[PDB]
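Q: The structure that follows is given in the form of C-alpha cells.
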Amino acid sequence: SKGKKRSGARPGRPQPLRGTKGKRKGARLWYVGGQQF
Amino acid sequence: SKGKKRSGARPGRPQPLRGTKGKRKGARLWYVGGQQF
Amino acid sequence: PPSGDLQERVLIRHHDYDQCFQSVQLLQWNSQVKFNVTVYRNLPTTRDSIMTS
Amino acid sequence: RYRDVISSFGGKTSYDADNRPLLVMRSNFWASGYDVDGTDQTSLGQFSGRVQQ
Amino acid sequence: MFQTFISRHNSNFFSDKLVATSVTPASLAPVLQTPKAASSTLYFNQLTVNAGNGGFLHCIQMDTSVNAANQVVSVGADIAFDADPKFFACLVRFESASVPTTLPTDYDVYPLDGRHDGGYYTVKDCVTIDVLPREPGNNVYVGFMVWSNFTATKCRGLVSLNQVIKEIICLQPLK
Amino acid sequence: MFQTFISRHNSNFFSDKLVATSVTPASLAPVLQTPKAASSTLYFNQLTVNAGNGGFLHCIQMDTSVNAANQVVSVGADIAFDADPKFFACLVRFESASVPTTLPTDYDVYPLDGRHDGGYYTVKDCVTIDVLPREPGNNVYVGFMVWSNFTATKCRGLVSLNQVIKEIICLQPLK
Amino acid sequence: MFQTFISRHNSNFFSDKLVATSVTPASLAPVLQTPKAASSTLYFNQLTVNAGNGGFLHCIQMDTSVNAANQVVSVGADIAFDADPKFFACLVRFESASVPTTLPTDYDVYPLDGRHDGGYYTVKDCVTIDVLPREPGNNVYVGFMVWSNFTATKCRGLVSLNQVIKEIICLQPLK
Amino acid sequence: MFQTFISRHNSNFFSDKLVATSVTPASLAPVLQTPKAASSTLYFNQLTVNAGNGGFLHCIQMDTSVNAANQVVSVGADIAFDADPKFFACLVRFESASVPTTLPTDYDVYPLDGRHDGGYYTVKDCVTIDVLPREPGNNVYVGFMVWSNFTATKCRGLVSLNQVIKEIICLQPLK
Amino acid sequence: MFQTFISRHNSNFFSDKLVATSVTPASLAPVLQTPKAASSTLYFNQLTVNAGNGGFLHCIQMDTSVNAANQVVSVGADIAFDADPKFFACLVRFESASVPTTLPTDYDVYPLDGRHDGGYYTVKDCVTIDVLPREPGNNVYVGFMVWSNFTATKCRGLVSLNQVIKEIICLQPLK
C-alpha cells in the first residue's frame with residue numbers, strides 16, 4: 001500500500017447538491033455567437 | 001458480599017454500537033500472507 | 001394476592017407483568033452493550049506460536 | 001508476493017518494477033443516523049431507522 | 001404486503017355446544033342457552049325449528065365493573081337454514097331482574113349489515129350501546145335475534161358475541 | 001387484534017314500532033310514520049303491501065340549529081319481501097311548509113350501495129346533503145325510499161336514519 | 001364510535017329525470033340523454049328495452065380548465081331488470097368533435113367492482129382516467145355502459161357520475 | 001391513485017396438489033392431507049364427496065419457536081360444489097400428541113365472514129388464536145373446516161392457510 | 001366528504017379486443033392472446049366455449065428491469081356465462097423459455113376474493129408474487145385462470161392485469 005489512511009466523516013445534515021460544476025474557473029469554454037443568459 | 005455497591009446510569013441517547021472490539025491494542029493476531037484491506 | 005406456600009409468594013412470577021407490555025419476540029426487556037475488557041497475561045505472541053524457529 | 005520478499009532483505013521496489021497500481025489516498029468512517037416514530041393506531045410503538053452521513 | 005391487524009369482532013377462544021334439540025319461535029322469544037359473562041361463542045350442528053311466528057335469540061349479560069355509559073358490542077354469526085324462511089336479523093337490548101328465559105315486552109332493536117342469500121346469513125360487525133342499567137336494580141342483556149313467520153325446518157351454524165371492555169394483545173413481528 | 005372504532009351509521013339507542021298495518025304505493029309516495037327530530041329507528045314485524053306503482057318511505061326532519069350548509073346523513077336498513085318485487089332503493093330529499101303525509105312533486109334522489117339479493121336488501125352508508133331550506137320558510141325532510149311496480153305481498157324489517165350534527169362518545173380501554 | 005367521513009362517489013345534489021321511454025341497444029351504443037358539465041345524476045322509473053345486440057350508456061363531458069393529465073372519475077349506480085339479461089358493466093372513454101348521440105368505433109373500457117345478482121346491479125367506485133383530449137380539437141366523454149345480447153324487457157334505477165376536479169366540504173363537529 | 005399495500009392473507013408462494021380422490025364426512029372429521037409447517041396452500045381440481053354427516057378439513061401445525069401466547073392466523077379459500085349441500089364453514093383449533101388423521105373430540109370453533117352463494121363459498125380473513133400447547137407435550141393444529149349433512153356430490157377449489165409469525169417484504173416504488 | 005384516493009388495481013388506460021371466437025378448455029390450458037409488457041386489458045363481447053375439462057387464461061409477462069425479488073400484481077375482472085358452469089378462479093404463475101400458447105405442467109396457484117353469483121364473477125384484488133425467474137434463462141408469466149368441467153356455453157366480459165413496478169399520479173385539489 002502507500003499513502004493515505006485518512007478519515008472523512010463530518011457532522012451536520014446532507015444538504016442537497018447545488019451546481020454541477022465549479023470549484024475554480026479557468027478560461028472560457030463555449031462560444032455561441034454572443035450572449036445568451 | 002464484598003466490594004462494589006456502585007451505580008451506572010448516564011444521561012443522553014443510546015447511540016448505536018460502533019466497532020465490535022477495540023479499547024487498547026496489543027500485538028498482531030492474524031497472518032494471511034500479505035496485506036488484504 | 002399471591003397464592004401457595006411462603007416460598008411461592010416471595011419469589012417473582014413474571015406472568016404478573018404480561019398485560020403491561022405488547023407482544024414482541026424480544027421478551028420483556030432487551031439490551032445492546034459493548035464490553036471493553038483488558039487482561040495482562042504472560043503468553044507468547046501469535047508469531048511465536050506459528051514459527052518453529 | 002514478490003514485493004514482500006524484497007522488503008525482508010531491506011530493499012525496495014517501485015510500482016513500475018512490480019507493475020501494480022499506486023494508492024494515492026484512502027478514507028474511512030462509520031455511518032450513523034436517527035429514528036422515526038409511528039403515530040397511528042397500529043404502528044404506535046414502532047420505530048424505523050434512517051442512516052445518513 | 002403488510003398485515004391488517006385491525007378487526008371488528010375478536011372472538012372468545014372458548015366455544016360451547018348447544019344443549020338443546022328444538023326451539024319454538026314466539027313473540028316472547030326464547031333464549032337458547034343460559035347467558036354468561038361478557039363474551040360467549042355458541043355452535044350447534046343440528047337444531048330443529050318448529051312452526052311459529054316470532055323469533056329466538058342468543059344473548060350475554062353486561063359487565064358493570066367500569067363506570068362508562070356507552071360501550072361497543074360485537075357479533076359474528078353464520079347460519080344455514082334448509083328452507084328459505086324469509087327473515088331479518090338484528091341486535092336486541094333488554095333488561096330483567098332475574099335470569100331470563102324469554103324476551104320481555106320492552107326492548108330495543110339495532111341494524112347490522114349482514115349478507116342474506118336465502119337460507120344463508122353471515123355478519124361481522126360492531127355497534128355502540130348504552131350498557132348501564134337505565135333503571136336501578138336491573139341487569140342488561142344484549143343478544144343476536146332472528147325473526148320471521150317460521151315453518152318447520154332445520155338449521156346449523158354458530159353465533160359469537162363480545163363486549164369491548166378490554167383490549168386483546170397480539171404478536172407483531174416488526175413492533 | 002385491535003378494534004375498529006370507526007363506523008358509518010351510529011343508530012339512535014331508542015326504537016319505535018310502526019303503528020300501521022298496510023301501505024299503498026303511489027307516485028305521491030306515502031310516509032309511513034310522522035317524522036321527528038334528527039334521528040329515528042323504525043321496525044315493523046308485519047306490513048301488508050297493496051298493488052300499485054310508485055313507492056313509500058320513512059323520513060326525518062332536518063335540524064337547523066347549526067348554520068352549516070352541507071351535512072352527512074346516514075342510513076341502516078334490512079328489508080325482506082315474501083315475493084321478488086324488482087325494486088330499487090335510494091335517498092330522497094324534499095321540502096314542505098307543513099307536516100307531510102306524501103311525497104311532493106319536486107325532490108332529489110341519491111344512490112347508496114346496498115345488497116340486493118331478491119326479496120332481501122341490506123345497506124349501511126352515509127351521504128353528504130345540503131340541509132338548509134334552500135327556500136325561505138320551509139322544512140327539509142330526508143328519507144329512505146323503495147320504488148317498484150308493486151303487487152300484493154308482505155314485508156318485514158327495520159329502517160334507521162341519522163343526521164350527523166353531533167359526535168358519539170365510546171369507551172376505549174387504551175385511551 | 002367515530003364517523004367515517006371518507007367516501008368514493010360524492011353525488012351532485014341535483015337529479016334529473018330521463019326524457020325518454022325506450023332504447024334500442026346496438027354496436028353504436030345510444031346515449032340516453034344529452035351530456036353535461038362534470039357531474040350528473042339520472043334516474044328513471046320506467047324504461048323499455050327493445051331486442052338487440054350491443055349496449056347503451058349515460059355519459060358526461062370532461063372539464064379542461066385545469067391542466068392536469070390524469071384525474072379521478074366516480075360512479076354510483078343501481079339498476080333492476082325484470083328478466084335476467086346476462087350482461088357486464090364497465091366504464092367507457094371516447095372522443096367526439098360534436099355532441100354525440102351514439103358511441104364511436106374507437107374507445108376504451110375499464111373494470112369496476114359491482115354486485116351482480118341477476119337482474120340487479122349495484123356499484124360505487126372510482127377510477128383514474130386521462131382526461132386531456134389526446135388529439136387536438138376534440139372533446140372527451142366518460143360514461144357508464146351496459147352491454148349484453150338483449151331481449152325485450154324493462155328496467156328501473158338511477159346512475160350518477162362525477163369528475164373529481166374540486167373537493168366537497170362537510171361539517172365535522174370535533175374539528 | 002395510490003396502491004393499497006395492506007392485505008389480510010399473504011399466501012405461501014408454493015402450492016400443492018391433493019393426493020386423494022374421495023372423502024367421507026364424519027363426526028371424526030378426516031384430514032385431507034398431512035399437516036406441515038406454518039403455511040400451506042392446497043388445490044384440488046376434482047374431489048368426490050360421499051354421503052355422511054359431519055365434515056372434513058385442511059390444517060397446518062403451529063410453530064412454537066417464538067414465545068408469544070396469541071398470534072394471528074389467516075385463511076383464503078374458494079370452493080364450488082355441484083349441488084347445494086347447505087353447510088357452514090369455520091376455523092377449528094385442536095391438539096394431538098401424534099400426527100392426526102381425524103378430528104379429536106375436544107376442539108374450538110371460530111367464525112369468519114365468508115360469501116355463501118349456494119354451492120359457492122369464498123373467504124379472506126384473519127383471526128387471533130392462542131397458539132401455545134395449553135397442555136404439556138402436545139402439538140396444536142389449526143384448520144379450515146366444512147360441516148353439513150352431506151350427500152353424494154363433487155367439489156373443486158383451493159384452500160390456503162398462514163400463521164403470522166414473520167412479515168413479508170414487497171417493493172414500494174416511492175419508499 | 002373526502003375522496004378515497006387509494007385503490008387496488010389501477011388499470012392500463014388502453015384496452016384491446018380479443019382476436020378469437022372460440023376456446024377449448026384443457027389440462028394444458030390455452031392462452032387467449034399473446035402476452036405483452038407488464039399491463040394489459042382484454043375485453044371480449046362474445047366468446048364461444050366448447051365442452052372440455054380444464055381451463056383457459058389471460059396472462060402478461062413480468063418485467064425484470066428492477067432487481068427486487070417480490071412484487072405486487074393486481075387484477076380486475078368481470079365475466080358473465082350464459083349457463084352456470086360451476087367453476088373457481090385463481091391467479092397462476094408459470095415459466096417458459098419461449099412465448100407460450102398453453103400452460104406447462106409446473107405452476108403455482110393463489111386465492112383471490114371474488115364474488116361468485118352463478119354465471120357471474122367479479123374481482124378487484126392484489127397479491128404479492130416472486131417475479132424473478134427462479135431458474136436461469138426463463139421468463140415468468142402471471143395470469144388469471146378459470147377452471148371447471150365445462151360444457152358448451154358462451155361468455156362475455158373483460159379482464160385486466162397490472163404489475164406494480166411504478167406508481168400512478170393523480171390530481172388532488174387540496175394538495
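Scheme for the C-alpha cells: letters A, B, ... for chains in order shown; per-chain residue numbers from 1; ligand numbers from 1 in order shown.
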May I have the residues of chain B within 9 Å of chain D, counting only C-alpha atoms, written as a compact mmCIF listing (two decimals) with C-alpha atoms, in the first residue's frame?
A:
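Saved file result-v9.txt follows:
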```
# COMPACT_ATOMS: atom_id res chain seq x y z
CA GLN B 15 -26.04 5.69 20.25
CA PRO B 16 -25.66 2.60 18.04
CA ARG B 18 -19.68 1.13 16.64
CA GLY B 19 -16.97 -1.49 16.23
CA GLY B 33 0.39 -13.84 3.69
CA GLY B 34 0.34 -10.14 2.97
```
Q: For residue 125 in chain H, work out the shell of residues within 10 Å, counting only C-alpha atoms and skipping chain neighbours fewer than 3 positions away, then give it as a list in words.
A: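 After dropping sequence-adjacent residues, the list is residues 4 and 7 of chain E; 7, 8, 9, 73, 74, 75, 76, 77, 112, 113 and 114 of chain H; 113 of chain I.
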Q: For the selection you just gave me, I'd like the residues written to a file as a compact mmCIF listing (two decimals), in the first residue's frame, keeping N, CA, C and O atoms.
A:
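File written: part_15.txt
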```
# COMPACT_ATOMS: atom_id res chain seq x y z
N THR E 4 -53.08 -6.65 8.22
CA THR E 4 -54.07 -5.65 8.62
C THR E 4 -54.00 -5.33 10.11
O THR E 4 -53.86 -4.16 10.49
N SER E 7 -59.47 -5.45 13.43
CA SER E 7 -60.65 -6.27 13.16
C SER E 7 -61.90 -5.69 13.81
O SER E 7 -61.86 -4.62 14.41
N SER H 7 -52.90 -6.09 3.31
CA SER H 7 -53.77 -7.21 2.99
C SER H 7 -54.11 -8.03 4.22
O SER H 7 -53.72 -7.68 5.34
N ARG H 8 -54.82 -9.13 4.03
CA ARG H 8 -55.26 -9.97 5.13
C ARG H 8 -54.79 -11.41 5.08
O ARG H 8 -54.94 -12.11 6.08
N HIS H 9 -54.25 -11.89 3.96
CA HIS H 9 -53.84 -13.29 3.90
C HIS H 9 -52.34 -13.49 3.70
O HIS H 9 -51.69 -14.05 4.59
N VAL H 73 -53.76 -15.89 12.58
CA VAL H 73 -53.78 -16.94 11.57
C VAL H 73 -54.77 -16.54 10.48
O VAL H 73 -55.90 -16.16 10.78
N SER H 74 -54.34 -16.64 9.22
CA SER H 74 -55.11 -16.20 8.07
C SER H 74 -55.60 -17.37 7.24
O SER H 74 -55.08 -18.48 7.32
N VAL H 75 -56.61 -17.11 6.42
CA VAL H 75 -57.19 -18.11 5.53
C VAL H 75 -57.67 -17.43 4.26
O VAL H 75 -58.16 -16.30 4.29
N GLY H 76 -57.50 -18.11 3.13
CA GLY H 76 -58.12 -17.72 1.88
C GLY H 76 -58.61 -18.94 1.13
O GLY H 76 -57.82 -19.84 0.85
N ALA H 77 -59.89 -19.00 0.79
CA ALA H 77 -60.48 -20.21 0.25
C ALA H 77 -61.44 -19.87 -0.88
O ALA H 77 -61.89 -18.73 -1.02
N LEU H 112 -65.81 -16.77 10.79
CA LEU H 112 -65.13 -15.96 9.79
C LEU H 112 -66.13 -15.55 8.72
O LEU H 112 -67.03 -16.32 8.38
N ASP H 113 -66.00 -14.32 8.22
CA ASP H 113 -67.02 -13.76 7.33
C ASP H 113 -66.75 -14.20 5.90
O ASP H 113 -65.86 -13.67 5.23
N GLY H 114 -67.53 -15.17 5.43
CA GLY H 114 -67.45 -15.65 4.08
C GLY H 114 -68.56 -15.12 3.20
O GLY H 114 -69.28 -14.18 3.55
N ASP I 113 -60.17 -13.03 -3.56
CA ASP I 113 -61.55 -12.97 -3.08
C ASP I 113 -62.44 -12.36 -4.15
O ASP I 113 -62.46 -11.14 -4.35
```
Q: As an exercise, work out the distance from CA of residue 20 in chain B to CA of residue 31 in chain C in Å and give it to one decimal place.
A: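 For CA of residue 20 in chain B relative to CA of residue 31 in chain C, the distance reads 15.3 Å.
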Q: Calculate how many Å separate CA of residue 52 in chain E from CA of residue 118 in chain H, rounding to one decimal.
A: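 CA of residue 118 in chain H lies at a distance of 26.2 Å from CA of residue 52 in chain E.
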Q: Please report as a PyMOL selection string which residues of chain F come no farther than 6 Å from chain E, using only C-alpha atoms.
A: chain F and resi 1-4+15+157+170-171+173
Q: Using N, CA and C atoms, can you write the selected residues to a file as an mmCIF file, in the first residue's frame?
A:
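File produced: out.cif:
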```
data_model
loop_
_atom_site.group_PDB
_atom_site.id
_atom_site.type_symbol
_atom_site.label_atom_id
_atom_site.label_comp_id
_atom_site.auth_asym_id
_atom_site.auth_seq_id
_atom_site.Cartn_x
_atom_site.Cartn_y
_atom_site.Cartn_z
ATOM 1 N N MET F 1 -56.085 -8.814 17.979
ATOM 2 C CA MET F 1 -56.035 -7.664 17.090
ATOM 3 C C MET F 1 -56.687 -6.446 17.722
ATOM 4 N N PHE F 2 -56.527 -5.297 17.075
ATOM 5 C CA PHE F 2 -57.146 -4.062 17.523
ATOM 6 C C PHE F 2 -58.617 -4.020 17.115
ATOM 7 N N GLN F 3 -59.361 -3.119 17.745
ATOM 8 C CA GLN F 3 -60.766 -2.892 17.445
ATOM 9 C C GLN F 3 -60.911 -1.686 16.523
ATOM 10 N N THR F 4 -61.901 -1.744 15.632
ATOM 11 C CA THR F 4 -62.011 -0.758 14.557
ATOM 12 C C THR F 4 -62.335 0.639 15.085
ATOM 13 N N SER F 15 -85.834 2.637 19.720
ATOM 14 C CA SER F 15 -86.514 2.200 18.512
ATOM 15 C C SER F 15 -88.021 2.232 18.713
ATOM 16 N N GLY F 157 -88.922 -5.951 8.596
ATOM 17 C CA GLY F 157 -87.580 -5.425 8.730
ATOM 18 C C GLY F 157 -87.556 -4.195 9.610
ATOM 19 N N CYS F 170 -67.539 6.884 23.059
ATOM 20 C CA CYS F 170 -67.478 5.461 23.352
ATOM 21 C C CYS F 170 -66.259 5.195 24.220
ATOM 22 N N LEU F 171 -66.273 4.058 24.908
ATOM 23 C CA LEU F 171 -65.169 3.691 25.786
ATOM 24 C C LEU F 171 -64.038 3.061 24.986
ATOM 25 N N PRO F 173 -60.449 1.317 25.939
ATOM 26 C CA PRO F 173 -59.631 0.902 27.091
ATOM 27 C C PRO F 173 -58.198 1.411 27.082
#
```
Q: At what distance in Å, to one decimal, does CA of residue 21 in chain A lie from CA of residue 51 in chain D?
A: 26.9 Å
Q: Out of range 67-147 of chain I, which residues get strand (DSSP E) from DSSP, as an MDAnalysis selection string?
A: chainID I and resid 70:81 87:96 108:110 120:130 139:147
Q: Go ahead and dump the residues you just picked, N, CA and C atoms, as a CSV table (one decimal), in the first residue's frame.
A:
```csv
chain,number,residue,atom,x,y,z
I,70,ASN,N,-39.7,-9.7,-4.7
I,70,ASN,CA,-41.1,-9.8,-4.5
I,70,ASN,C,-41.8,-8.5,-5.0
I,71,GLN,N,-42.9,-8.7,-5.7
I,71,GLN,CA,-43.7,-7.5,-6.2
I,71,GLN,C,-45.2,-7.8,-6.2
I,72,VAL,N,-46.0,-6.8,-6.3
I,72,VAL,CA,-47.4,-6.9,-6.2
I,72,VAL,C,-48.0,-6.9,-7.6
I,73,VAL,N,-49.0,-7.8,-7.8
I,73,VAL,CA,-49.7,-7.9,-9.1
I,73,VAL,C,-51.2,-7.8,-8.8
I,74,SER,N,-51.9,-7.0,-9.6
I,74,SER,CA,-53.3,-6.7,-9.4
I,74,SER,C,-54.1,-7.3,-10.6
I,75,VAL,N,-55.4,-7.5,-10.3
I,75,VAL,CA,-56.4,-8.0,-11.3
I,75,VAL,C,-57.7,-7.3,-11.0
I,76,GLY,N,-58.4,-7.1,-12.1
I,76,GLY,CA,-59.8,-6.7,-12.1
I,76,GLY,C,-60.6,-7.3,-13.2
I,77,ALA,N,-61.6,-8.1,-12.9
I,77,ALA,CA,-62.3,-8.9,-13.9
I,77,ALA,C,-63.8,-8.8,-13.7
I,78,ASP,N,-64.5,-9.2,-14.8
I,78,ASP,CA,-66.0,-9.2,-14.8
I,78,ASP,C,-66.4,-10.1,-15.9
I,79,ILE,N,-66.9,-11.3,-15.6
I,79,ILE,CA,-67.3,-12.4,-16.5
I,79,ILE,C,-68.7,-12.7,-16.3
I,80,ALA,N,-69.4,-13.0,-17.4
I,80,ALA,CA,-70.8,-13.5,-17.4
I,80,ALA,C,-71.0,-14.7,-18.4
I,81,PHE,N,-71.3,-15.8,-17.8
I,81,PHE,CA,-71.6,-17.0,-18.6
I,81,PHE,C,-73.1,-17.1,-18.7
I,87,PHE,N,-67.4,-23.3,-11.4
I,87,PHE,CA,-66.0,-23.1,-11.6
I,87,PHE,C,-65.4,-22.3,-10.5
I,88,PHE,N,-64.1,-22.3,-10.4
I,88,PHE,CA,-63.3,-21.5,-9.5
I,88,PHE,C,-62.2,-20.7,-10.3
I,89,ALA,N,-61.9,-19.6,-9.7
I,89,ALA,CA,-60.9,-18.7,-10.4
I,89,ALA,C,-59.8,-18.4,-9.5
I,90,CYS,N,-58.6,-18.2,-10.0
I,90,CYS,CA,-57.4,-18.1,-9.3
I,90,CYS,C,-56.3,-17.3,-10.1
I,91,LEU,N,-55.2,-17.1,-9.5
I,91,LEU,CA,-54.0,-16.5,-10.1
I,91,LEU,C,-52.9,-17.5,-10.2
I,92,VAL,N,-52.3,-17.6,-11.4
I,92,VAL,CA,-51.4,-18.7,-11.8
I,92,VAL,C,-50.1,-18.1,-12.2
I,93,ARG,N,-49.0,-18.7,-11.7
I,93,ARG,CA,-47.6,-18.3,-12.1
I,93,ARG,C,-46.9,-19.4,-12.7
I,94,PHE,N,-46.3,-19.2,-13.8
I,94,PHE,CA,-45.5,-20.3,-14.5
I,94,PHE,C,-44.4,-19.7,-15.3
I,95,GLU,N,-43.6,-20.5,-15.9
I,95,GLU,CA,-42.3,-20.1,-16.5
I,95,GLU,C,-42.2,-20.8,-17.9
I,96,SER,N,-41.5,-20.2,-18.8
I,96,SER,CA,-41.4,-20.7,-20.2
I,96,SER,C,-40.2,-20.1,-20.8
I,108,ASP,N,-48.0,-22.6,-10.1
I,108,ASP,CA,-48.5,-22.3,-8.8
I,108,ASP,C,-49.8,-21.6,-8.9
I,109,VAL,N,-50.6,-21.7,-7.9
I,109,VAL,CA,-52.0,-21.1,-7.8
I,109,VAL,C,-52.1,-20.3,-6.5
I,110,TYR,N,-52.9,-19.3,-6.6
I,110,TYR,CA,-53.1,-18.3,-5.5
I,110,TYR,C,-54.6,-18.0,-5.4
I,120,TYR,N,-72.1,-15.3,-13.0
I,120,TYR,CA,-71.4,-14.0,-12.8
I,120,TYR,C,-70.2,-14.2,-11.9
I,121,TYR,N,-69.2,-13.4,-12.2
I,121,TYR,CA,-68.0,-13.3,-11.3
I,121,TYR,C,-67.4,-11.9,-11.4
I,122,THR,N,-67.0,-11.3,-10.3
I,122,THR,CA,-66.3,-10.1,-10.2
I,122,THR,C,-65.2,-10.1,-9.2
I,123,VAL,N,-64.1,-9.4,-9.4
I,123,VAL,CA,-63.0,-9.4,-8.5
I,123,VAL,C,-62.2,-8.1,-8.7
I,124,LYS,N,-61.6,-7.6,-7.7
I,124,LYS,CA,-60.6,-6.5,-7.8
I,124,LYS,C,-59.7,-6.6,-6.6
I,125,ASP,N,-58.5,-7.2,-6.8
I,125,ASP,CA,-57.6,-7.6,-5.7
I,125,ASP,C,-56.1,-7.4,-6.1
I,126,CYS,N,-55.2,-7.6,-5.2
I,126,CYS,CA,-53.8,-7.6,-5.4
I,126,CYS,C,-53.1,-8.7,-4.6
I,127,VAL,N,-52.1,-9.3,-5.1
I,127,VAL,CA,-51.3,-10.4,-4.5
I,127,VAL,C,-49.8,-10.2,-4.7
I,128,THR,N,-49.1,-10.5,-3.6
I,128,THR,CA,-47.6,-10.4,-3.8
I,128,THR,C,-47.1,-11.7,-4.3
I,129,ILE,N,-46.2,-11.6,-5.3
I,129,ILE,CA,-45.6,-12.8,-6.0
I,129,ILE,C,-44.1,-12.6,-6.2
I,130,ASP,N,-43.4,-13.7,-6.2
I,130,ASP,CA,-42.0,-13.6,-6.5
I,130,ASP,C,-41.8,-13.6,-8.0
I,139,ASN,N,-38.5,-16.9,-18.7
I,139,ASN,CA,-39.4,-15.8,-18.5
I,139,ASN,C,-40.5,-16.3,-17.5
I,140,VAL,N,-41.1,-15.3,-16.8
I,140,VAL,CA,-42.1,-15.6,-15.9
I,140,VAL,C,-43.4,-14.9,-16.4
I,141,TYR,N,-44.5,-15.7,-16.3
I,141,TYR,CA,-45.8,-15.2,-16.7
I,141,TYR,C,-46.8,-15.4,-15.6
I,142,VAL,N,-47.7,-14.4,-15.4
I,142,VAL,CA,-48.7,-14.4,-14.4
I,142,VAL,C,-50.0,-14.1,-15.1
I,143,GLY,N,-51.1,-15.0,-14.8
I,143,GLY,CA,-52.3,-14.9,-15.5
I,143,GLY,C,-53.5,-15.0,-14.6
I,144,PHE,N,-54.7,-14.8,-15.1
I,144,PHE,CA,-56.0,-15.0,-14.5
I,144,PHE,C,-56.6,-16.2,-15.1
I,145,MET,N,-56.9,-17.2,-14.3
I,145,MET,CA,-57.3,-18.5,-14.9
I,145,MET,C,-58.7,-18.9,-14.4
I,146,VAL,N,-59.5,-19.6,-15.2
I,146,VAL,CA,-60.8,-20.1,-14.9
I,146,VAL,C,-60.8,-21.6,-15.2
I,147,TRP,N,-61.3,-22.4,-14.2
I,147,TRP,CA,-61.2,-23.8,-14.3
I,147,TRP,C,-62.5,-24.5,-13.9
```
Q: Identify every residue of chain C that has at least one atom within 10 Å of any atom of chain E, counting only C-alpha atoms, and report the result as a PyMOL selection string.
A: chain C and resi 18-19+21-26
Q: Next, dump the selected residues to file, keeping only N, CA, C and O atoms, as a compact mmCIF listing (two decimals), in the first residue's frame.
A:
```
# COMPACT_ATOMS: atom_id res chain seq x y z
N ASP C 18 -47.58 -9.63 32.22
CA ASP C 18 -47.87 -9.91 30.82
C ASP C 18 -48.79 -8.87 30.20
O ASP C 18 -48.66 -8.56 29.01
N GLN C 19 -49.72 -8.31 30.97
CA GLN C 19 -50.66 -7.33 30.44
C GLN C 19 -50.08 -5.92 30.38
O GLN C 19 -50.77 -5.01 29.92
N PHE C 21 -47.08 -5.09 28.79
CA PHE C 21 -46.32 -4.91 27.56
C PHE C 21 -47.11 -5.43 26.36
O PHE C 21 -48.08 -6.19 26.50
N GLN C 22 -46.68 -5.02 25.18
CA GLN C 22 -47.17 -5.58 23.93
C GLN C 22 -46.33 -6.79 23.54
O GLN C 22 -45.16 -6.90 23.91
N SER C 23 -46.94 -7.70 22.78
CA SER C 23 -46.27 -8.95 22.43
C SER C 23 -45.20 -8.71 21.37
O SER C 23 -45.50 -8.21 20.28
N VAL C 24 -43.96 -9.06 21.69
CA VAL C 24 -42.84 -8.98 20.77
C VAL C 24 -42.01 -10.25 20.91
O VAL C 24 -42.25 -11.08 21.78
N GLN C 25 -41.04 -10.40 20.01
CA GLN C 25 -40.15 -11.55 20.05
C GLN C 25 -39.02 -11.39 21.07
O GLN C 25 -38.38 -12.38 21.42
N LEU C 26 -38.78 -10.18 21.57
CA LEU C 26 -37.66 -9.91 22.45
C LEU C 26 -38.06 -9.87 23.92
O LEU C 26 -37.49 -9.09 24.69
```
